[PDB]
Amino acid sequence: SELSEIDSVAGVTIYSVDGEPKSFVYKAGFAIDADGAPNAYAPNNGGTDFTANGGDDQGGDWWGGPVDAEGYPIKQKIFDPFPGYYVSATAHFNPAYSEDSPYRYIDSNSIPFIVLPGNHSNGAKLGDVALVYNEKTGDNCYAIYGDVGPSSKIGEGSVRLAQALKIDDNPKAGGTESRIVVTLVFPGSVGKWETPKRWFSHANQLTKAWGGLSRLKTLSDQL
């Protein structure tokens, strides 16, 4: 077999794929990561996700995004997409923008991105590209490794990636627990922030060199 187990998370095996470019693959469900969307979090459950999923916004521990000097979530400004909403962070970021800016983070609503579990990146660096495939519908999309999830879970990506895969994109009730999504990651492919046009083109180039979606469909029968 061209596939060799390199890792396993929550019952999902991750396989190294023989050949160039270097890649690994796994079949999992698809939870919705709204992190980075500028409407994900707001006071009093005003966002698309529950405020409490970012922590305590009243001077306790807030982990959902950047905080001020007193530990309160940053509120978006009049020049930000959703004034008064909190700034939701992703692990991948655009260095052009300050820590307190929604523009620093990857907008889950518009950018197809995958989540990898913490300590299970398997050599991938934030910004690396991937091909993502819904085996139930045939839908597929290129994506970046854009966020880090719990080390104990696997199979998660952005609101826009869900839309592209025809998976329910609602942050509260969406996603699927059915293991219908095949993710092919290209570790070492980018490793930095770049424009979506640039990384999408690169994902296309790597996928063609790797053997295309047709090869992924063939390999997916082993998963």
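Residue indices: 1-based, along the sequence shown.
Checklist line | Higher-scoring stretch by recorded Cα B factor average, 88 to 96 or 130 to 138 | finding: The deposited B-factors put 130 to 138 ahead on the C-alpha mean.
Item checked: Comparing 37 to 45 with 175 to 183, the one whose average Cα B-factor in the PDB entry is higher -> The stretch with the larger average C-alpha B-factor is 175 to 183.
Next item on the list: Looking at the entry's B-factor column for C-alpha atoms only, identify whether residue 166 ranks in the lowest, middle or highest third of its chain.
Entry: Highest third, going by the recorded CA B-factors of the chain.
Check: Of the three thirds of its chain by CA temperature factor, lowest, middle or highest, which one includes residue 125?
Finding: Ranked within chain, residue 125 CA B lands in the middle tercile.
Item checked: residue 158 - Cα temperature factor, lowest/middle/highest third of chain -> CA B-factor rank for residue 158: lowest third.
Margin query: Quick check on the deposited entry: does the C-alpha B-factor of residue 118 sit in the lowest, middle or highest third of its chain?
Written below: According to the entry, residue 118 has a C-alpha B-factor in the chain's highest third.
Notebook entry, point to check: In terms of the chain's CA B-factor thirds, is residue 150 lowest, middle or highest?
Noted result: It belongs to the highest third of the chain when residues are ordered by C-alpha B-factor.
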